[PDB]
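[1] these chains are from a complex, not moved at all, and more is on the way:
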Amino acid sequence: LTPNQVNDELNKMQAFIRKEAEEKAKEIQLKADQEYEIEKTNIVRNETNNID
């Protein structure tokens, strides 16, 4: 259309897209770390139970 509006929007939509990608990133790290914690604390309890 006109250079200014395209210049703004072309980059801005993808800027929000990557903001959403950052939100996805934070979500994946958070959930994966929580799964890590719970699986560790669940396996260790049973290991020690059997050991003792």
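    Structure received. Numbering: from 1, shown residues only, chains lettered A, B, ... in the order given.
[2] all strands of chain A, in order?
    Here chain A has no strands by DSSP state E.
[3] Could you count how many residues lie near residue A:13?
    Neighbour count for residue A:13, taken as other CB atoms under 10 Å: 10. (C-beta placed from N, C-alpha, C; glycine too.)
[4] Then the one 5 residues further on?
    With neighbours defined by other CB under 10 Å, the count for residue A:18 comes to 12.
[5] Same question for residue A:16.
    Per other CB under 10 Å, the neighbour tally for residue A:16 reads 9.
[6] contacting residues around it?
    Under the criterion of CB atoms under 8 Å, 6 or more residues apart in numbering, residue A:16 has no contact partners.
[7] and what of residue A:15?
    Taking CB under 8 Å, 6+ apart as the definition, residue A:15 has no contacts.
[8] Repeat that for residue A:8.
    When contacts are counted by CB under 8 Å, 6+ apart, residue A:8 touches no other residue.
[9] what about residue A:26, distance to residue A:19?
    For residue A:26, the distance to residue A:19 equals 11 Å [CB to CB, to the nearest Å].
[10] Likewise for residue A:10?
    Between residue A:10 and residue A:19 the computed distance is 16 Å (CB to CB).
[11] swap in residue A:27?
    Residue A:27 sits 13 Å away from residue A:19, taking CB to CB as the criterion.
[12] let's put chain B on the structure above:
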Amino acid sequence: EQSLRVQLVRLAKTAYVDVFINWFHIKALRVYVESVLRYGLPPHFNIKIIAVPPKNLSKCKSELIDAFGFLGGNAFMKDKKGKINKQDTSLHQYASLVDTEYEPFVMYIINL
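    Below is chain B, added to the chains above:
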């Protein structure tokens, strides 16, 4: 009725004044939305306020508003402009929320 009036007056005026602030902050947020749409990447700019004696809009807006619209577009030029909505046809709605024909910038009715 005596107590009713004499207290409710102060209560209502107090609620009124405390509300005013958010009642206008919402439209401030609206124009911020309008901005982040119309020019995007830096979400804020000189979103300018005006303070001028009343009964003068006729010869206190046209030149500057038309010039800023001129800058805001480079493919269309006509004579009739506004915001109104009339259910006549696809034409004649004039907003970015409803249809529009020629409406570059954004302003609103602001008064206490």
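[13] With chain B now part of the structure, what is the answer for the contacts of residue A:15?
    Contacts for residue A:15 (CB atoms under 8 Å, 6 or more residues apart in numbering or on different chains) come out as residue B:41.
[14] Write out the residues of chain B neighbouring chain A.
    Residues of chain B that fall close to chain A, judged by CB under 8 Å from any CB of the partner chain: B:39-41, B:73-75.
[15] just the buried members of those?
    B:39-40, B:73 (16 or more other CB atoms under 10 Å in any protein chain shown).
[16] Could you point out which of those is nearest to chain A?
    If you rank those by distance to chain A using CB to the nearest CB, residue B:40 comes first, at 4.0 Å.
[17] mind checking the SS state of the closest one?
    coil (DSSP: H, G, I helix; E, B strand; the rest coil).
[18] how close does it get to residue B:108?
    Here the distance between residue B:40 and residue B:108 works out to 20 Å (CB to CB).
[19] out of the residues of chain B next to chain A, what pair is the most spread apart?
    B:41 and B:75 (21.6 Å; CB to CB).
[20] From chain A, how far out is residue B:33?
    To chain A, residue B:33 is 14 Å away according to CB to the nearest CB, to the nearest Å.
[21] number of nearby residues for that residue?
    Residue neighbour count, defined by other CB atoms under 10 Å in any protein chain shown, stands at 14 for residue B:33.
[22] List phi and psi for it.
    Geometry field for residue B:33 lists phi and psi as phi -60, psi -50, criterion degrees, to the nearest 10.
[23] now the sequence for chain C, which goes on the structure above:
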Amino acid sequence: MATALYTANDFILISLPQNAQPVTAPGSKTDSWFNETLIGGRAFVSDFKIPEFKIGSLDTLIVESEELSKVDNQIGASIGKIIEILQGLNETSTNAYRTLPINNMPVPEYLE
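    Putting chain C together with the chains above:
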């Protein structure tokens, strides 16, 4: 613009980006070259204070804008109903406590 009728004034906001210019004479930028352009050398032109607000989608932008606009105008009508019932209370034969120092503070600045 404005909506009321008193010994008070009228107010507007506008979107002005950085790339924009106040085109009336070449060789200048936004903040300067617009000090008394609005006739009279009487007005006072300032900006509005508001930062970004974190947003995910433009499709979001539109929906919040619409719902807001709805509630905004609804509460504009609500405040109209208020001033109506306040006049019904008739604290003064004429309108009272409006245009008086807002929250005990002189009206002119109390929005800027």
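[24] ok chain C is in now, so what about the contacts of residue A:16?
    C:55-58.
[25] Can you say which of those are buried?
    residue C:58.
[26] Against chain A, which of the contacts of residue A:16 make the cut? List them.
    Intersecting the contacts of residue A:16 with the contacts of chain A gives C:55-58 (criterion: CB under 8 Å from any CB).
[27] residue in chain C nearest to chain A?
    Using CB to the nearest CB, the point where chain C gets nearest to chain A is residue C:56, with a distance of 5.3 Å.
[28] hang on, that residue packs against residue A:22?
    No: between residue C:56 and residue A:22 there is no contact, the gap being 10.1 Å when judged by CB atoms under 8 Å.
[29] Could you check how far residue A:48 is from chain C?
    As defined by CB to the nearest CB, residue A:48 lies at a distance of 44 Å from chain C.
[30] Could you pull up phi and psi at residue B:81?
    Note on residue B:81: backbone dihedrals following degrees, to the nearest 10 are phi -140, psi 150.
[31] For it, give me its contacts.
    Applying CB under 8 Å, 6+ apart, one finds that residue B:81 lies in contact with B:69, B:94, B:102-103.
[32] how close does residue B:109 get to chain C?
    Using CB to the nearest CB, we find residue B:109 at a distance of 5 Å from chain C.
[33] Can you verify my assumption that that residue contacts residue B:83?
    No: no contact is recorded between residue B:109 and residue B:83 when judged using CB under 8 Å, the distance being 10.1 Å.
[34] I'm done for today, thanks for sticking with me.
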